[PDB]
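1. My complex, part one, positions kept as in the full thing:
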Amino acid sequence: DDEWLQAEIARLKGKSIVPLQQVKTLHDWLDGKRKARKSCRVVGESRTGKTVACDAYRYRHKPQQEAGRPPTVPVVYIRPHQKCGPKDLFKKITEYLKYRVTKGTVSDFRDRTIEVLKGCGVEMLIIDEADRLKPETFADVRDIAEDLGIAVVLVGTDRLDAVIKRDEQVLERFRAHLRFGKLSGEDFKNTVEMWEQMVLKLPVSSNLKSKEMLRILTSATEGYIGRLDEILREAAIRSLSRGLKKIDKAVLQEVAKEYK
Amino acid sequence: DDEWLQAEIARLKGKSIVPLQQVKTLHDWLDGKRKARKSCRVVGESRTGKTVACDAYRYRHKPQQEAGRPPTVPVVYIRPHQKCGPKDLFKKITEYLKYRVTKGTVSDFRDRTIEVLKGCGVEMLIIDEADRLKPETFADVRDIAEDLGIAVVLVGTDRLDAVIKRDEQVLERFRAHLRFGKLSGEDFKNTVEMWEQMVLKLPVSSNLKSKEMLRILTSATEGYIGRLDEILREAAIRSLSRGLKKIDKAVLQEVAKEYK
Amino acid sequence: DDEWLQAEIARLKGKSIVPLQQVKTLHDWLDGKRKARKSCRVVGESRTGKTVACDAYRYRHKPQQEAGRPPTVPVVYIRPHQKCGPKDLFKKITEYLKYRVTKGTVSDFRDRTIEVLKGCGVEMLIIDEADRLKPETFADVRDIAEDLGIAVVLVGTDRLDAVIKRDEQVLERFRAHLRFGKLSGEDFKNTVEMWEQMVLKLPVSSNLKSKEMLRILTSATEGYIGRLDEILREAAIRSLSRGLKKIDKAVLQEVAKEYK
Amino acid sequence: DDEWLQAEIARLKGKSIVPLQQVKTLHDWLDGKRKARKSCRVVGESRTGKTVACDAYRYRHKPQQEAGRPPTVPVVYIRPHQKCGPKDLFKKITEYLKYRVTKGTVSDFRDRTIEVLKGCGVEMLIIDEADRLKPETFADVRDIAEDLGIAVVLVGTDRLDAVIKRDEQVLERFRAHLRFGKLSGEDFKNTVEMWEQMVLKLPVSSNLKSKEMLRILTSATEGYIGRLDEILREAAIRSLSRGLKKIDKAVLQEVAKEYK
C-alpha cells in the first residue's frame, strides 16, 4: 500500500492532458492555418493552457517517416531560450528535426536550416514563448515564412503583442490571432468535474465538486487552468499524505489561503 | 472532385500577380531610372505590394544570354538577410548572377563581385528590404553605384528612410523616391473585383464588388493589398472546405473579426 | 580562565540554530511542496529567520551518495549575487552540485546544468534572496521548473513579490507562498527564554527573562529574531568582557538605546 | 535620328566637368600646399563637388614618364574602401602607381609602398573619402607624410573632422583646411546658365534659366552641384524621351516634386 502510495504521489506529480474545448478550438484553428500555410500568432494570458495545447497539437501529428528517407515532420515546435539570437533559433530548429549541428558561422546555420526544413517537409513552425527571441531574429523567421511557405505560429503572453508592435512587418505578417479563453462560467464548472475523473483518478467519493467547492475554486483559481491543476494536485497529495482517502474542505481552504 | 478540391486549395494557396496601376507605375518609374543609371529608393508602407512589384519588374526582363557568353542580366534583385555585412551582400549579388563564390577575404569577394557585375552588364540592382543591411555596407553599395554606373534601387518600409537619414551620403545619393499608394477609393473598388476574376478563378457569385462586401473589405483590409489577398484566399479556402460553392457573408464576417 | 573567556566570546560570536515553530512550519511546508514537485515562494520580512530556516532544511537532507555514483542531492540551495545573470545562476547551481565549470558560452552552461541537475536527482532548488537575479533569468528558472519537474522555491524580502509582479508567468507559476511570522505574543516570550538556555549557555543566573527584560526586548527587537539574537549576544559579550557573570539590566538598556 | 537619340541619352548619361570657381579655388589651394609639401584636409558638404574637383586636379597633372624610367606621378589620388586597413591602403597606393602587388605581410607592403612612392617622385597623396579608413592606418598616413615629405590631402564629409578629432596627432598634422562653398546667390545663377551651354549641349531654346526656372532650381537643389546636375540631366532625358525638343516647366516641376 505504501508501494501504492508511491504510485499515487508519482502519478499526481506528473501532469496529464485532459481534452477540453480550448485545445480543440486551437487544433481546429491551427489545422485551418496549416492547410493554408498561414502564419498566425496565438496569444493568450499566462498560466492558461497554451503550451500544453500546442504540445498536444505537435503530438497527434507525430512524424511518419519513410522507411529510409528523412522523416516528414509536418509540425515543428520550439520554445526558444531567453534572448534567442538567429544562431540559437536555427540550432533549436535543426535540433528538433534531429540533425546535429556542424560547427559554423551564422550563415552556415541558416543555410543548413533551410536545407533540412525543406527536406523534412515542415508545414508549421510553432515558436512557443515567442516574446523571448530578439528583434533581429524576427527577420529570419520572416525569411523562413517568406520563402519556404511555412505557417509560423508565434505563441506568447500578451507581452508578445507589444514585442511585435514596435517592429513593423512582423506585426503586419502575424496578424491573425486566437486569444486563449479565461474559461469562467458553466464551462468552468464542467472542467472542474472533468479534472476529478480524468486526472485525479480516485475511488469515487461522491464529492461532485458541489457549489461550495466550486465557490472555493472560482474564488481561488480565477479560471486559470494552471491554477485549477496546481490546487487540485496539491490538495490530493496532501490528503493522501495525511491518510485522508478523499479531499476534505479543510485542505481546500488550506491551498486557497496559501495562494491568495 | 476531391482531386479537384486538392487542385483548388493548392491553387489558392500559391499566390498570383494581378497587374494593377501600382506595379505599372513602378515599372515605368524604374525604366526611367534605369535608362538614366539613376539610383532611387522606392519606399512605401508594409503589407502593400512592393516586393511583388519589384519581382514582376525582375521577370519581364529575364536575362537573354548569348549562346556561349555570360548572360547579360540587366536587372539584379536581392533582398539581403538581417544585418547583411559587406561580405554577405557580395555573396548574394554574385549568387544571383549564378557565379558560385570561391572562399576568400572580404576584399576578394568585392573584387570578384565588381568583375562579374561589369561582365553581366548589370544595369539595375534592386536591394529589397534595404533597411536590413548594416551602415558599413552602404559604403559598398555607394561604391558600386559610384564606379559601375549601376542604378541601385533601395526598397524598404519607411524605417529605411530613417536608416539612410542618420548616414550622410546615402541620403544624398538615394533621394529620388516613389511612395507606394494606399489604393483607397474607387480604384480600391476595381481591385476588389479584379481579384474575383483574376486570382479567385471560382464560379462568379455576381457580387460585382457589392457595397456590403465592399464595406466589409474596406472595413477589414484598410487598403493593404496584402490584406485583401490574405482575406480573400482564406474565405475562399474556408468556403470550399465547408462545401460552399461561392463565398458567403458568414465567412467574410469570420475573417474580418479574426483580423481585427 | 582567560582561555575560557576566549572560548566564550568565540562561541557567542558564532551563531546557532535554535529550533522554533517557524522553521518547523517551513520544513513541513517545503516537504509538502517537494513531494509534489511544486514551486512556491516563501516570502517574509527582513531580519526574520528565513535564510537560517532554509539552511536548516538544506542540512537535515544532506546528500547520501552512492559508493561510486554522483551524489543524489535532493535539495539545492543557492543565494545568487547581485543582478545574477543566466550564466551566473548556472555557475552557482553546478557549483553547489560540486561540478567545476568548464569555460563556455551561456548555452553550454545551460546544457551542462540541466545534465548535472537531472543526474544528481535534484528535487528542490531553493533560490535565497531571489529578488536579486535579473528578469531575464526568471525565464531560465521557469525553464528548469518547466522541464525537470523541480520544485523551485524563491525566498526573498517582500520586494521579491513586486519583482515577480511586473513579470507575467513567474507570478503565475510561483503563487503558493508562506509568509514568515512576526512571532509577537506569548510565543515570543517562550523564544526569549529559549535563547537563554539553548544559545546563551551560561550558568543559571535565575534571570528567567522577567516581564521587565521582556518589556525591554519587546521594546527593542520588535519581534525580529535577528534583533533578539543580535541584542542578546552583544549584551552577553559586553557583560562577560566587563567581568559580570550574568547579564545586568544596565547592559540591556545599553543595547536597547544603541539600536533605537 | 533614333541613332541621334541614342547619342543624346548616352551623352547626357555620362557626366562632364564644367569648370567653375570652386574647382579653380581648390586647384590654387592644392598647388600652394604641394609646393610646400603641406598636408591639409579639404572638407566640405556631401553632394557638393569635391571628388570631381580632386579628379580634375589629378588629371591636369597627368604623369609625364621618362622614356624608360618609372613615371614621375606628382599627384596620387586614391579613395579607400570601407574600413581600409593599413594593408589595403598600401595596396591602393601601389596600385595607382601601376606596380602590381607581390603577396606578402603588412610590413612587406609598407616597405614596397615607401620604395615605389619615393621612386615615382610623388608630391601629393589625395585620400578621397578619408573618413573610411580605420584609426590604425592614420598612423601609416602620418608616417608617409612624416618621412617622405608628401603633402597628404584628406578629403571627406564633415564626418571626417570628427573622425580625426577623437585621434590626436592626425588632428594636429591635418589642420589647414578648405571648406566647399554652398554656391548659393548670383554665382549660383551663373552656374545654372553655365550648365545649359556646357553640359546640356542643346539647340538654343531661348530658355535662359529665367527667374521662374531659377526659383524652381533654388527651391529644388538647395545649391548642391551634384543636385543641379541630377535634376537637369533627368529633365533633359525625360523631355527628349517624350519628344520635347527643349525642357518644359512641366518636367521641371516633375523632378522637383520627385526629389522633395
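-> Received the coordinates, thanks. Numbers count the residues shown, from 1 in each chain, chains lettered A, B, ... in the order given.

2. and residue A:181, what does it touch?
-> Taking Cβ atoms under 8 Å, 6 or more residues apart in numbering or on different chains, we find residue A:181 in contact with A:21, A:22, A:25. Just so you know, the C-beta spots here come from the backbone N, C-alpha and C atoms, and that holds for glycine as well.

3. Just the closest of those to chain C, please.
-> Using Cβ to the nearest Cβ, residue A:22 is the member of these that lies nearest chain C, at 16.3 Å.

4. Quick check: the closest one vs residue A:193, distance?
-> Distance of residue A:22 to residue A:193, computed by Cβ to Cβ, to the nearest Å: 16 Å.

5. Which one's more surrounded, those two?
-> Between residue A:22 and residue A:193, counting by other Cβ atoms under 10 Å in any protein chain shown, residue A:22 is the more crowded of the two (20 against 14).

6. circling back to that earlier point, sort out which of the contacts of residue A:181 are in strands and list them.
-> Using DSSP state E, no member of the contacts of residue A:181 falls in strands.

7. among these, which are in helices?
-> Among the contacts of residue A:181, DSSP state H puts A:21, A:22, A:25 in helices.

8. tell me the contacts of the second one?
-> Just to be clear, that refers to residue A:22. Residues counted as contacts of residue A:22 (Cβ under 8 Å, 6+ apart) are A:49, A:53, A:180, A:181, A:183, A:225.

9. try the first one
-> Remark: with contacts taken as Cβ under 8 Å, 6+ apart, residue A:21 is in contact with A:181, A:187.

10. leaving aside the residues next to it on the chain, what's closest to residue A:50?
-> Among residues not flanking residue A:50 along the chain, residue A:44 sits closest, at 5.0 Å (Cβ to Cβ, 6 or more residues apart in numbering or on different chains).

11. ok, now which ones touch the residue of the stretch 151-260 of chain A found nearest chain B?
-> Closest contact between the stretch 151-260 of chain A and chain B, by Cβ to the nearest Cβ, is at residue A:172 (4.0 Å). Residues in contact with residue A:172, defined by Cβ under 8 Å, 6+ apart, are B:46, B:47, B:224, B:226.

12. which among those residues are in contact with chain D?
-> Restricting the contacts of residue A:172 to those within reach of chain D (Cβ under 8 Å from any Cβ of the partner chain) leaves nothing.

13. next one is chain E, place it on the structure:
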Amino acid sequence: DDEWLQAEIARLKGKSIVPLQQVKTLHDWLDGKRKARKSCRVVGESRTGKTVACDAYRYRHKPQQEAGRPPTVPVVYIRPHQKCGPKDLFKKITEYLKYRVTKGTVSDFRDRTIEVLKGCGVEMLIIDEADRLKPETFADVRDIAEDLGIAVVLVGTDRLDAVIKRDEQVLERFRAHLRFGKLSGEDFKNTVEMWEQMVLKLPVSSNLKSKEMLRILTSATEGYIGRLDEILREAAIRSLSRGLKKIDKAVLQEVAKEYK
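-> This next block brings in chain E, placed alongside the chains you saw above:
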C-alpha cells in the same frame, strides 16, 4: 487673364518687405550694437514687425565667402523651437552656418559650435522668439557672448522680459533694449498709403486711403503691422476673386467685422 488672376492671388499670398521707419531704426540700432559686440534684447509687442525686421537685417549682410574658405557669416539668425534645450540651440546654430551635425553628446555639440562660430567670424547672434528656450540654455548663450565676444540679440514678446527677469545674470547682461513702436498717428497714415503702392501693386484706383478707409483701418488694425497686412491682402484677394478691380468699402467692412 485667369492666368493673370493666378499670378495675382499667388503674389498677394506671398509677403513682401516694405521698408518703413521701424526696420530702419532697428538696423541702425543693431549696427551700433554689433560694432561694439554688445548684447541687447529688442523687445516689442506681438503681431508688430519684429521677425521681419530681423530677417531684413540678416539679408542686407548676406555672407560673402572667400573663394575656398568657410564663409564669414557676420550675422546669425535662429528662432529656436519650443523649449529649446542646449543641444537643440547648438544644432540650430551650427545648422544655420551650414555645417551638418555629427552625432554626439551635448558637450561635443558645444565644442563644435564654438569651433565653427569662431571660424565663420560671427559677429551677432539674433535669437528670435527667445522666450522659448529653457532657463538652462541661457547659461550657454551667456557663455557664447561671454567667451566669443558675440553680440547676442534676444528678440521676443514682452513675455521674454519676465522670462529673463526670474533668472539673474541674463537680466543683467541683456539690458540694452529697443521696444517696437505701435506706429499709431500720422506715420500710421503714411504706412497705409505705402502699402497701397508697394505691396498691393494694383492699377491706380484713386482710392488714396481717405479718412473713411483710415478710420476703418485704425478701427480694425489698432496699429499692428500684421493686422494691416492681413486685412489689406484679404480685401484685395476677395475683391479680385469677385471680379472687383479695386477694393470697395464693402469688403473693408467685411474684414473689419470678421476680425473684431
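
14. Might you calculate how far the longest helix along chain A sits from the centre of the chain?
-> The single longest helix within chain A, with elements called by DSSP H, is helix A:225-241. The chain centre lies 20 Å from the centre of helix A:225-241; the measure is Cα atoms, centre = their mean, to the nearest Å.

15. go on, stretch A:193-201?
-> Centre to centre, stretch against its chain (Cα atoms, centre = their mean), the figure for stretch A:193-201 is 20 Å.

16. what do you get for stretch A:94-110?
-> In this view, stretch A:94-110 has its centroid 25 Å away from the chain centroid, taken as Cα atoms, centre = their mean.

17. Now tell me what touches that stretch from outside.
-> With Cβ under 8 Å, 6+ apart, stretch A:94-110 has contacts from A:71, A:73, A:76-78, A:86-87, A:90-91, A:112-113, A:116-117, A:120, A:122, A:140, B:81, B:88, B:91.

18. how does it look with 7 Å?
-> Stretch A:94-110 is touched from outside by A:73, A:76, A:78, A:86-87, A:90-91, A:112-113, A:116, A:120, A:140, B:88, with contacts defined as Cβ atoms under 7 Å, 6 or more residues apart in numbering or on different chains.

19. Please narrow those residues to those residing in strands.
-> Going by DSSP E, the strands hold A:76, A:78 from those.

20. Restricted to helices, list the contacts of stretch A:94-110.
-> A:86, A:87, A:90, A:91, A:112, A:113, A:116, A:140, B:88.

21. want to try CSV for those, with neighbour count and distance to chain C as columns?
-> Shown next, in CSV, are the ones in helices among the contacts of stretch A:94-110 (neighbours: other Cβ atoms under 10 Å in any protein chain shown; distance: Cβ to the nearest Cβ, whole Å):
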residue, neighbour count, distance to chain C
A:86, 24, 14
A:87, 20, 9
A:90, 25, 13
A:91, 20, 8
A:112, 17, 17
A:113, 24, 16
A:116, 17, 20
A:140, 23, 18
B:88, 22, 23
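
22. Which members of those are the farthest-apart pair?
-> Farthest-apart pair in the ones in helices among the contacts of stretch A:94-110 is A:116 and B:88; separation 21.1 Å (Cβ to Cβ).

23. returning to that earlier point: which one of the ones in helices among the contacts of stretch A:94-110 is nearest chain D?
-> residue B:88 (13.7 Å).

24. and chain F, same structure:
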Amino acid sequence: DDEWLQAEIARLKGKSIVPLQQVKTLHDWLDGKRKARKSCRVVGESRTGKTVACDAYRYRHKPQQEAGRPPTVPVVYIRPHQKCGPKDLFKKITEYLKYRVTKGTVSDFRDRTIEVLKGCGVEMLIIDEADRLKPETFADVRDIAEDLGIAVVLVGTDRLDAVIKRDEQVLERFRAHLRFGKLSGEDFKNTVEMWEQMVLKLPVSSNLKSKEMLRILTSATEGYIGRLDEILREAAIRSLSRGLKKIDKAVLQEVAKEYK
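-> So that you can see how it sits with the rest, here is chain F on the chains above:
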C-alpha cells in the same frame, strides 16, 4: 584718421582691468586663504566684477615652469559649463593644466586629475560660476580639497549659496566668504573718474565727471561695475562714430534711457 578710428573702436571694444579697491581686497583675501590651504566661497552680486578679479588674481601668479619639469601652476581657474558633471570638471581641470585627456572612464579621469594636480603643485582651485556644476560633483570637489590640501574657492551669484545650502557638507566646508561690494558712494565717484583716464584714454576734455554726469551714472548704473563699463564704452563709441571728440550729455541720456 579712419585708421585711427578703427584703432579707437577696436580698443574700446576690448575690455581692460582698471585696478580698484575691490580686486585688491579680493587678492589679499585669496592670498590669506591660499597660504592656509583654506577653501572659501567668494559670493557676490551679478554684473559686479567677480570674474575679472579672479582672472587678475590668476594672472599675477602666472606659472613659472622649471626648465624641463611640469609647470608649477599655483592657482587654477576654471568656470565649468552648465550642469558640469564629474567627468567634465576633471576635463576642465586637466585641460587648464595643459595635459590633454586620454579617453577613459570617469574613474580614469579622476585618477589622472589627482596625479597632474599633485604634480603641478596646485595651491588654489578657483571654480568660477560654481552654481552650475551638479550636486554630484561637489563630492569630487570636496574630495580634492579633502585629500590634496587645495584651497577650493567657489565663485558665484547668490544662487550659489542656496545651491550649497541644500547640500550638507559643501555648506560646512565652504563657509568663509567675501561678498562683492556694491561700491556706491564717494568711492563710486572715484571709480567714475578712474574710468575716464585709465580705460577711456581720450584727449583730456575737462569733463571731470561733474555732479550732473555723476547723477546720470548713479541713476543709470546703480553701482554695478559692469554697467559703468557698458555705458561708458557705448557712449564713447557712439560719440566717436558721430564725429564728436568728447562725450556729450546727449549720448549719456541716450544710453541711460536705453538701459532703463
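
25. so, the contacts of residue A:172 revisited with chain F in the model?
-> The contact partners of residue A:172, taken as Cβ under 7 Å, 6+ apart, are B:46, B:47, B:226.

26. and the first one, how many residues sit next to it?
-> Looking back up the chat, that one is residue B:46. Neighbourhood size, residue B:46 [other Cβ under 10 Å]: 19.

27. Just the residues contacting the strand ranked longest in chain A, thanks.
-> When chain A is scanned for its longest strand (criterion: DSSP E), the result is strand A:151-156. Residues outside strand A:151-156 that contact it (Cβ under 7 Å, 6+ apart): A:30, A:33-34, A:37-43, A:50, A:54, A:123-131, A:141, A:144-145, A:160, A:174.

28. these two touch, right, residue A:126 and residue A:56?
-> No - using Cβ atoms under 7 Å, residue A:126 is not in contact with residue A:56, being 11.3 Å away.

29. Which one of these two is surrounded by more residues?
-> Taking other Cβ under 10 Å, residue A:126 and residue A:56 do not tie; residue A:126 has more neighbours (22 against 16).

30. Just list the residues touching that one, thanks.
-> So residue A:126 contacts A:54, A:58, A:75, A:76, A:77, A:153, A:155 (Cβ under 7 Å, 6+ apart).

31. most surrounded residue in those residues?
-> Among those, residue A:153 has the most neighbours (other Cβ under 10 Å), with 30 neighbours.

32. What is the neighbour count of the nearest residue in space to residue A:244 that is not next to it in sequence?
-> The shortest distance from residue A:244 to any non-neighbouring residue, by Cβ to Cβ, 6+ apart, is to residue A:251 (7.4 Å). When neighbours are counted by other Cβ under 10 Å, residue A:251 registers 20.

33. Distance of residue A:251 relative to residue A:238?
-> From residue A:251 across to residue A:238, the span is 5 Å (Cβ to Cβ).

34. swap in residue A:227?
-> With Cβ to Cβ as the criterion, residue A:227 and residue A:238 are 16 Å apart.

35. The residue in chain A that chain C sits nearest to: neighbour count?
-> The minimum distance from chain A to chain C, using Cβ to the nearest Cβ, falls at residue A:47 (3.2 Å). The criterion is other Cβ under 10 Å. On that basis, residue A:47 has 23 neighbouring residues.

36. likewise residue A:4?
-> Residue A:4: 8 neighbours (other Cβ under 10 Å).

37. in chain A, which spans are strands?
-> Assigned by DSSP E, chain A shows strands spanning A:40-43, A:75-78, A:124-127, A:151-156, A:176-177.
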